[PDB]
Amino acid sequence: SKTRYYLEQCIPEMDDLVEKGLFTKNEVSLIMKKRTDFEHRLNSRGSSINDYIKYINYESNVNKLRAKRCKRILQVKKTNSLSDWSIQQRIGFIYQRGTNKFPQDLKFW
Amino acid sequence: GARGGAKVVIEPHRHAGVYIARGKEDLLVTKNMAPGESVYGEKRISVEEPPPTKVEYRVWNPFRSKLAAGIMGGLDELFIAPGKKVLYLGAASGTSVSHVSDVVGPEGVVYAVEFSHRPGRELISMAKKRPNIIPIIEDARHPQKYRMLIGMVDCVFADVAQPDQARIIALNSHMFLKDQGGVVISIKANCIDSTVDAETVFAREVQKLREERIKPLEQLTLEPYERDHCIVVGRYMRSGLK
Amino acid sequence: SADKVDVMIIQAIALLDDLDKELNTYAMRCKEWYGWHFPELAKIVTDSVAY
Amino acid sequence: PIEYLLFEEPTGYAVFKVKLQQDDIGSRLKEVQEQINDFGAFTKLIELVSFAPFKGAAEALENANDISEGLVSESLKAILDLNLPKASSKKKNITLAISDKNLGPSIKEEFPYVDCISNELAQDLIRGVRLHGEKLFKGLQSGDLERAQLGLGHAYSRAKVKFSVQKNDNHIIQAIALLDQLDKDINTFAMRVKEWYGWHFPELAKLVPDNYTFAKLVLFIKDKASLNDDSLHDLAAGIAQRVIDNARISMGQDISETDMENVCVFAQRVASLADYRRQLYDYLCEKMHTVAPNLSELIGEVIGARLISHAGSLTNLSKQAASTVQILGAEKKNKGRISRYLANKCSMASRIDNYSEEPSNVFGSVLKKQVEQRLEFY
Amino acid sequence: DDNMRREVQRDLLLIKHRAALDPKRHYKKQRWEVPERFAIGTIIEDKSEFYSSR
Amino acid sequence: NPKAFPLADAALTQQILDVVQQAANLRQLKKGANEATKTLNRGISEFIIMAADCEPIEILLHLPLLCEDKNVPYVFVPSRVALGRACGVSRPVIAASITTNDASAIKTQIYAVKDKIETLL
């Protein structure tokens with residue numbers, strides 16, 4: 001598959017995201033199984049831009065939660081690690097993949 | 001015989017689309033697409049069906065159409081099925097293209113090309129009546145200037161009267177015909193070569209086809225209807241010729 | 001009386017049947033005569049009064 | 001080196017980036033030339049990168065004419081100026097897999113940095129995108145290809161033929177085949193007006209036998225209560241006095257009302273139908289004078305429309321021979337050789353006014369004089 | 001229809017035994033099983049034809 | 001672009017109408033416009049000739065639509081009275097046709113004429 005490949009590429013951000021203590025193993029496995037189901041739904045046979053939109057909503061909300069736990073737990077804004085630009089890099093990848101797989105919807109564009 | 005008013009049964013034939021009209025003497029008959037008007041002056045069967053409706057059929061005069069003689073002499077399979085798209089190199093007038101159109105039916109299309117002008121305006125004035133045909137008034141020797149308006153036909157047919165018959169059908173079939181698709185050509189011996197006779201010129205033309213990658217599979221001569229023409233049916237292989 | 005009469009209500013539906021087949025053949029003739037200017041709508045509308 | 005492809009389609013122009021390349025040396029193999037047929041490998045090979053639809057119908061016809069003579073146009077030059085990159089002279093110049101060597105030099109003249117190519121690789125790549133058709137375009141359009149190409153084909157054919165759209169015989173065909181059937185329908189519905197107004201006034205079918213003036217005076221007198229106004233009946237129709245005193249001496253009568261009102265509606269509408277006939281006959285009289293004037297002057301207008309209706313079309317009548325213009329009824333020994341003379345003179349006039357571009361009346365007039373001299377031979 | 005109306009039971013036997021209908025015709029031999037889908041028509045003559053097939 | 005486009009020049013005119021006179025003496029020719037179109041839509045026609053100066057031109061211009069549909073060559077000739085003198089008949093015939101017959105001794109000249117006029121058109 002390739003869903004296994006995308007999921008395996010998103011592992012080092014959760015690696016340093018647990019290595020710094022702002023996400024413990026239970027809830028990072030929770031967000032990883034939720035992203036697993038979302039990503040298989042994205043790379044199904046006949047997916048939809050609604051699925052792309054709500055997966056993007058999940059990634060933006062986990063980015064907001066990561067910034068909130070960073071300003072609450074570590075009390076610093078930018079952690080100068082892999083954990084900061086990774087979610088925006090993934091959102092860029094999802095928007096590029098959505099505009100490749102579905103190019104006629106100007107709402108998504 | 002077969003005067004206007006007799007009752008004739010309409011039995012179906014092997015080639016789906018055409019029908020045998022068995023009376024006291026038999027006819028070959030195709031189910032008319034636009035009812036109410038003959039196109040080149042042929043007689044029409046008219047059956048009633050049950051809200052009472054009335055659908056009509058045309059006869060297929062084999063002395064004035066090419067492939068009707070091949071059908072009545074008996075070809076193993078054509079490729080003019082009731083769904084396909086059919087290209088018609090050398091569509092003279094309505095007199096055969098209307099028959100190929102109403103064999104093809106309301107879903108498939110018939111792209112009929114023609115080089116001359118006065119048969120062109122006759123073809124267009126016929127073509128406004130039934131909608132499943134496309135009249136093109138371009139030379140069949142240049143399939144790159146009507147490449148804009150057709151695409152991926154499913155069987156070509158050929159009646160052009162030029163001694164580069166094989167080059168015409170080879171260029172039109174490379175440009176338009178899909179793979180594993182049919183090609184039914186109608187060679188006129190006295191037209192394309194007057195010096196040497198019929199079987200030699202047929203063998204030379206079918207050798208030119210199997211050089212241009214059409215694998216031929218049927219040759220019929222249609223002798224009791226026209227003289228020294230032949231129908232050559234072939235597939236377009238392009239992959240696994242042997 | 002002759003206001004509860006039936007020999008007009010026979011010919012009323014005789015008129016309705018003849019007028020029905022007349023409206024049908026006039027629909028066919030108007031459809032083909034306007035179709036010689038515009039064929040692409042006789043297949044997309046079917047209601048002849050809307051036509 | 002095939003990296004851009006140009007396809008032309010009857011809804012718009014498409015330009016495809018060639019992602020990876022086709023096998024050039026083995027390009028006659030079965031396992032390569034089935035990949036063009038199947039879809040799961042062709043989109044591995046060609047993706048859509050631009051599709052600009054010409055939206056005007058006449059601009060589509062003009063683009064089709066400029067391609068069919070092998071010349072660049074505004075929309076094609078526009079999308080190539082947009083999509084084709086300036087390959088700088090250090091690297092290369094860009095390549096473009098177009099469909100024909102007649103078009104080739106006309107884009108090489110306008111764009112210097114492009115380089116057209118049509119070998120059999122461009123031929124069967126364009127063949128593959130033509131075969132797969134709509135499923136490549138992934139929804140960047142509004143409208144399927146076949147109806148658009150039907151319209152574009154009919155327009156391109158008529159623009160090549162420059163077919164005169166004023167030589168219109170189908171109008172005269174439908175005119176006379178409506179006119180005779182409409183006379184029959186007026187007569188039948190006027191028999192229904194007679195048979196329905198008989199219950200109110202049965203001594204009117206004797207006095208007023210004409211269908212149109214019967215319907216108009218049925219529109220005039222509603223119920224049998226007129227009895228005085230004599231000075232309107234010569235207008236609506238001496239016999240005024242007969243219908244006035246028969247409006248009180250007859251009394252074969254049912255007194256019914258709502259049916260009389262619908263009789264009135266029916267009668268005024270049948271009168272409208274008679275007005276429509278009395279104008280359509282004059283319409284096809286002058287349209288017979290416009291379309292087919294020599295045959296009109298020779299044989300008469302409605303006899304001419306009947307004869308073209310029997311033939312089927314004016315061109316079919318002309319390509320009929322001059323001995324097979326035998327039609328029964330029309331062209332009414334010494335009673336037969338004149339009809340044969342009129343027959344082949346009618347075929348001669350038919351040939352003149354059909355194969356002319358737009359005909360005159362002088363040959364119809366001298367044909368009339370020739371056949372009148374042949375009649376005065378008797 | 002399944003009851004076959006007896007008229008298209010008459011004339012199908014007629015055209016099946018067509019070979020002995022007039023002793024100047026001699027139709028070629030064919031078995032002619034009855035088709036289970038078949039209609040009954042009427043030859044509309046051509047309007048430009050008269051006196052020879054009307 | 002006139003209405004009588006394949007108009008033959010002088011030497012081809014003279015050879016096609018001496019072939020006309022040989023056919024008329026061999027009983028293989030049909031004289032006149034309506035017998036020409038009758039033999040044309042019967043099919044027996046090697047080639048047909050029209051005259052390009054009849055006073056209505058359309059009375060023989062109806063023959064192109066038949067002949068180039070049924071695939072038989074056709075040629076205009078600049079004089080109806082010369083074609084009448086060729087056919088060997090008093091009045092000027094304006095549209096002649098040569099029937100097809102493989103039992104006629106002018107088959108070679110007919111085929112030479114037909115090849116020349118197919119190259120002309």
# chains A, B, ... in the order shown; residues from 1 in each chain; ligands from 1
call {"tool": "interface_residues", "arguments": {"of": "chain D", "to": "chain C", "cutoff": "7 Å", "atoms": "only C-alpha atoms", "output": "PDB file with N, CA, C and O atoms, in the first residue's frame"}}
result
ATOM      1  N   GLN D 174     -43.936  20.987 -46.024  1.00  0.00           N
ATOM      2  CA  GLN D 174     -44.760  21.018 -44.826  1.00  0.00           C
ATOM      3  C   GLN D 174     -45.940  21.958 -44.978  1.00  0.00           C
ATOM      4  O   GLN D 174     -46.995  21.707 -44.396  1.00  0.00           O
ATOM      5  N   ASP D 254     -84.184  22.787 -28.590  1.00  0.00           N
ATOM      6  CA  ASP D 254     -83.843  22.631 -27.190  1.00  0.00           C
ATOM      7  C   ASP D 254     -83.285  23.958 -26.700  1.00  0.00           C
ATOM      8  O   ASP D 254     -82.597  24.666 -27.436  1.00  0.00           O
ATOM      9  N   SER D 256     -81.167  24.834 -24.392  1.00  0.00           N
ATOM     10  CA  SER D 256     -80.010  24.684 -23.520  1.00  0.00           C
ATOM     11  C   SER D 256     -78.994  25.807 -23.717  1.00  0.00           C
ATOM     12  O   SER D 256     -78.913  26.418 -24.784  1.00  0.00           O
TER      13      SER D 256
END
call {"tool": "residues_around", "arguments": {"residues": "residue 123 (chain B)", "least_positions_apart": "6", "cutoff": "10 Å", "atoms": "only C-alpha atoms", "output": "PyMOL selection string"}}
result
(chain B and resi 91-95+97-98+112-114+117+134-137) or (chain D and resi 157)
call {"tool": "atom_distance", "arguments": {"atom1": "CA of residue 67 (chain F)", "atom2": "CA of residue 196 (chain B)"}}
result
25.9 Å
call {"tool": "interface_residues", "arguments": {"of": "chain D", "to": "chain B", "cutoff": "6 Å", "atoms": "only C-alpha atoms", "output": "list in words"}}
result
residues 9, 10, 30, 68, 131, 149 and 157 of chain D
call {"tool": "residues_around", "arguments": {"residues": "residue 41 (chain F)", "least_positions_apart": "4", "cutoff": "10 Å", "atoms": "only C-alpha atoms", "output": "JSON, numbers by chain"}}
result
{"B": [64], "D": [319, 320, 321], "F": [35, 36, 37, 45, 66, 67, 70]}
call {"tool": "residues_around", "arguments": {"residues": "residue 120 (chain F)", "least_positions_apart": "4", "cutoff": "12 Å", "atoms": "only C-alpha atoms", "output": "CSV table (one decimal) with N, CA and C atoms, in the first residue's frame"}}
result
chain,number,residue,atom,x,y,z
F,5,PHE,N,-17.7,23.3,-64.5
F,5,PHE,CA,-16.3,23.4,-64.2
F,5,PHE,C,-15.4,22.4,-65.1
F,6,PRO,N,-15.7,21.1,-65.3
F,6,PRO,CA,-14.8,20.4,-66.1
F,6,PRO,C,-15.0,20.6,-67.6
F,7,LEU,N,-14.7,21.8,-68.1
F,7,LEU,CA,-14.9,22.1,-69.5
F,7,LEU,C,-13.7,21.7,-70.3
F,8,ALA,N,-13.9,20.8,-71.3
F,8,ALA,CA,-12.7,20.3,-72.1
F,8,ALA,C,-12.3,21.2,-73.1
F,9,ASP,N,-10.9,21.3,-73.3
F,9,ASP,CA,-10.3,22.1,-74.3
F,9,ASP,C,-10.4,21.3,-75.7
F,12,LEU,N,-9.0,17.4,-76.7
F,12,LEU,CA,-9.8,16.4,-76.0
F,12,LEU,C,-11.3,16.4,-76.4
F,13,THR,N,-11.8,17.6,-76.8
F,13,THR,CA,-13.1,17.7,-77.4
F,13,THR,C,-13.2,16.9,-78.6
F,73,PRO,N,-17.7,9.1,-65.1
F,73,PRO,CA,-17.1,10.4,-65.5
F,73,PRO,C,-18.0,11.2,-66.4
F,74,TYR,N,-17.9,12.5,-66.3
F,74,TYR,CA,-18.8,13.4,-67.0
F,74,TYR,C,-17.9,14.6,-67.5
F,75,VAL,N,-18.3,15.1,-68.7
F,75,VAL,CA,-17.4,16.1,-69.3
F,75,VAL,C,-18.3,17.1,-70.0
F,76,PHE,N,-18.0,18.4,-69.8
F,76,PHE,CA,-18.7,19.5,-70.6
F,76,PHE,C,-17.9,19.7,-71.9
F,113,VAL,N,-10.4,7.5,-73.7
F,113,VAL,CA,-11.1,8.7,-73.4
F,113,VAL,C,-11.4,8.8,-71.9
F,114,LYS,N,-11.9,7.7,-71.3
F,114,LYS,CA,-12.3,7.7,-69.9
F,114,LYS,C,-11.1,8.0,-69.0
F,115,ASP,N,-9.9,7.4,-69.3
F,115,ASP,CA,-8.7,7.7,-68.5
F,115,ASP,C,-8.3,9.1,-68.7
F,116,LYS,N,-8.4,9.7,-69.9
F,116,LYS,CA,-8.0,11.1,-70.1
F,116,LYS,C,-8.9,12.0,-69.3
call {"tool": "closest_atom_pairs", "arguments": {"of": "chain E", "to": "chain B", "cutoff": "8 Å", "atoms": "only C-alpha atoms", "output": "CSV"}}
result
residue,atom,partner,partner_atom,distance
E:15,CA,B:24,CA,6.4
E:18,CA,B:24,CA,6.6
E:35,CA,B:11,CA,6.7
E:37,CA,B:11,CA,7.1
E:38,CA,B:11,CA,5.2
E:39,CA,B:10,CA,5.4
E:40,CA,B:9,CA,4.7
E:41,CA,B:47,CA,4.5
E:42,CA,B:7,CA,4.8
E:43,CA,B:45,CA,4.4
E:44,CA,B:44,CA,5.2
E:45,CA,B:4,CA,4.4
E:46,CA,B:43,CA,5.6
E:48,CA,B:41,CA,7.7
E:52,CA,B:3,CA,7.8
E:53,CA,B:3,CA,4.2
E:54,CA,B:4,CA,4.8
call {"tool": "interface_residues", "arguments": {"of": "chain A", "to": "chain D", "cutoff": "12 Å", "atoms": "only C-alpha atoms", "output": "JSON, numbers by chain"}}
result
{"A": [99, 100, 101, 102, 103, 104, 105, 106]}
call {"tool": "write_last_selection", "arguments": {"atoms": "N, CA, C and O atoms", "output": "PDB file, in the first residue's frame"}}
result
ATOM      1  N   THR A  99      -5.716  19.008  -4.401  1.00  0.00           N
ATOM      2  CA  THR A  99      -5.790  19.711  -5.671  1.00  0.00           C
ATOM      3  C   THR A  99      -5.294  18.865  -6.835  1.00  0.00           C
ATOM      4  O   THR A  99      -5.631  19.160  -7.984  1.00  0.00           O
ATOM      5  N   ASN A 100      -4.503  17.827  -6.577  1.00  0.00           N
ATOM      6  CA  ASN A 100      -4.188  16.912  -7.667  1.00  0.00           C
ATOM      7  C   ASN A 100      -5.334  15.948  -7.938  1.00  0.00           C
ATOM      8  O   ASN A 100      -5.689  15.715  -9.095  1.00  0.00           O
ATOM      9  N   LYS A 101      -5.932  15.392  -6.890  1.00  0.00           N
ATOM     10  CA  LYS A 101      -6.942  14.360  -7.068  1.00  0.00           C
ATOM     11  C   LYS A 101      -8.329  14.912  -7.360  1.00  0.00           C
ATOM     12  O   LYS A 101      -9.217  14.131  -7.707  1.00  0.00           O
ATOM     13  N   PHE A 102      -8.544  16.219  -7.230  1.00  0.00           N
ATOM     14  CA  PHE A 102      -9.869  16.809  -7.418  1.00  0.00           C
ATOM     15  C   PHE A 102      -9.692  18.258  -7.818  1.00  0.00           C
ATOM     16  O   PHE A 102      -9.658  19.150  -6.964  1.00  0.00           O
ATOM     17  N   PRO A 103      -9.554  18.539  -9.111  1.00  0.00           N
ATOM     18  CA  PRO A 103      -9.197  19.899  -9.547  1.00  0.00           C
ATOM     19  C   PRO A 103     -10.348  20.788 -10.000  1.00  0.00           C
ATOM     20  O   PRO A 103     -10.071  21.853 -10.555  1.00  0.00           O
ATOM     21  N   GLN A 104     -11.606  20.405  -9.818  1.00  0.00           N
ATOM     22  CA  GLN A 104     -12.692  21.198 -10.376  1.00  0.00           C
ATOM     23  C   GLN A 104     -13.474  21.980  -9.328  1.00  0.00           C
ATOM     24  O   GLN A 104     -14.416  22.695  -9.683  1.00  0.00           O
ATOM     25  N   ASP A 105     -13.092  21.903  -8.057  1.00  0.00           N
ATOM     26  CA  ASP A 105     -13.850  22.536  -6.977  1.00  0.00           C
ATOM     27  C   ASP A 105     -13.103  23.758  -6.454  1.00  0.00           C
ATOM     28  O   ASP A 105     -12.112  23.657  -5.712  1.00  0.00           O
ATOM     29  N   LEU A 106     -13.623  24.924  -6.823  1.00  0.00           N
ATOM     30  CA  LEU A 106     -12.992  26.178  -6.465  1.00  0.00           C
ATOM     31  C   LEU A 106     -13.139  26.498  -4.989  1.00  0.00           C
ATOM     32  O   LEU A 106     -12.373  27.312  -4.480  1.00  0.00           O
TER      33      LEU A 106
END
